[PDB]
Amino acid sequence: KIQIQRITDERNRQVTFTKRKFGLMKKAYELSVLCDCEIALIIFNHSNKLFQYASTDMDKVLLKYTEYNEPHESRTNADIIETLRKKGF
Amino acid sequence: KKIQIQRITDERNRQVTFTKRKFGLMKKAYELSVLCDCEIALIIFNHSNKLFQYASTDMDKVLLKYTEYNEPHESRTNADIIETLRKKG
DNA sequence: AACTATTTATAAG
DNA sequence: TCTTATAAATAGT
């Protein structure tokens, strides 16, 4: 196992990335179908190249999002760090 | 114990798979975010159009960057991933 | 790439 | 909530 930290190697991160992201798209695709929901993923690498996923119409979702006015779940890496760290392994 | 990628017809099933499988997505994203040094943004509407969001850093900054993006880029759908797991066995 | 030793993700109870 | 048995994810080789 590795602990979650910046892959300092260059050929490593560009491989982990290229596959770990397909994972994210997979898990999303699956959740998308199972629970019947719209999803939209957006990934910029360190060199600002775009990679995107959407169960359906990407921009229709990103729009719906801007219009949303109620409060709603909003997580950051910090939120998730402190939800796994408050979870003694 | 494994499941088929198909609409959970039960109501309090999907509403549980969802609530946890999505924290997985956020997790997997959070990890990829840190490891390979990249900006990521998740947008999920459930079937009743309640919003859930994740962003490694600033959601707005990423959604902007996205609308500015002009080059071609990786652009997946459920179809693309169906036909990438169907052409695999 | 491909293989497998390991770890993680999660379905049922 | 909380295991736990089964399964998927991916780091090492």
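Over chain A, what is the relative contact order in percent, taking alpha-carbon pairs closer than 8 angstrom and at least six residues apart? Can you show the working numbers first?
Details: 38 pairs, mean separation 14.2, N = 89.
With pairs under 8 Å counted, the relative contact order is 16 percent.
Counting only other chains, what is the mean number of Cβ atoms within 10 angstrom of the Cβ of each residue in peptide B:8-17? Walk me through the intermediate numbers first.
On the way: counts 4, 1, 0, 0, 0, 2, 5, 1, 1, 4.
Mean partner shielding for this stretch: 2.
Have a look at A:11, A:20, A:75 and tell me which one the Gaussian network model of chain A (Cα, springs below 10 Å) gives the largest fluctuation.
It is A:75.
Express as a percent, rounded to the nearest 5, the fraction of DSSP beta bridges in the protein assembly as shown (both residues included) that run antiparallel. All intermediate terms of the calculation are to be shown ahead of the outcome.
On the way: 17 of 23 bridges.
Antiparallel bridges: around 75 percent, rounded to the nearest 5.
Tell me whether the protein assembly as shown comes out rounded, prolate or oblate; compute the Cα gyration tensor, take square roots of the eigenvalues as a ≥ b ≥ c, and use a/c under 1.5 as the rounded threshold.
Values: a/c = 1.23, a/b = 1.18, b/c = 1.04.
Judged from the Cα gyration tensor, the protein assembly as shown comes out rounded (a/c under 1.5).
Does anyone have the angle between helix B:59-68 and the longest principal axis of chain B? Alpha-carbon axes, 0 to 90°, nearest 10?
70 degrees
For chain B, find the longest principal axis of its Cα atoms and tell me its angle to the long axis of helix B:11-35, 0 to 90°, nearest 10.
30 degrees
For the stretch A:10-85, report the convex hull volume of the alpha-carbon atoms normalised per residue, in Å³, without decimals. Display every interim value, and only then the final one.
Numbers: hull volume 10.5 nm³, N = 76.
Normalising the Cα hull of the stretch A:10-85 by residue number yields 138 Å³.
Could you line up A:89, B:45 from fewest to most neighbouring Cβ atoms inside 10 Å?
On the way: A:89 4, B:45 20.
The most exposed by this proxy come first: A:89, B:45.
Checking the cross-link filter: which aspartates and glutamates have an alpha carbon closer than 17 Å to that of residue B:2, excluding same-chain neighbours under 8 positions apart?
A:30, B:10
Taking beta carbons within 10 Å but only from partner chains, what does the mean come to for residues B:51-61?
On the way: counts 12, 6, 8, 8, 5, 8, 3, 1, 5, 1, 0.
Neighbouring Cβ atoms belonging to other protein chains average 5 per residue here.
Values in this text are rule-based calculations from the coordinates and carry no lab data. Virtual Cβ from ideal backbone geometry, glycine too; neighbours counted across all protein chains shown.
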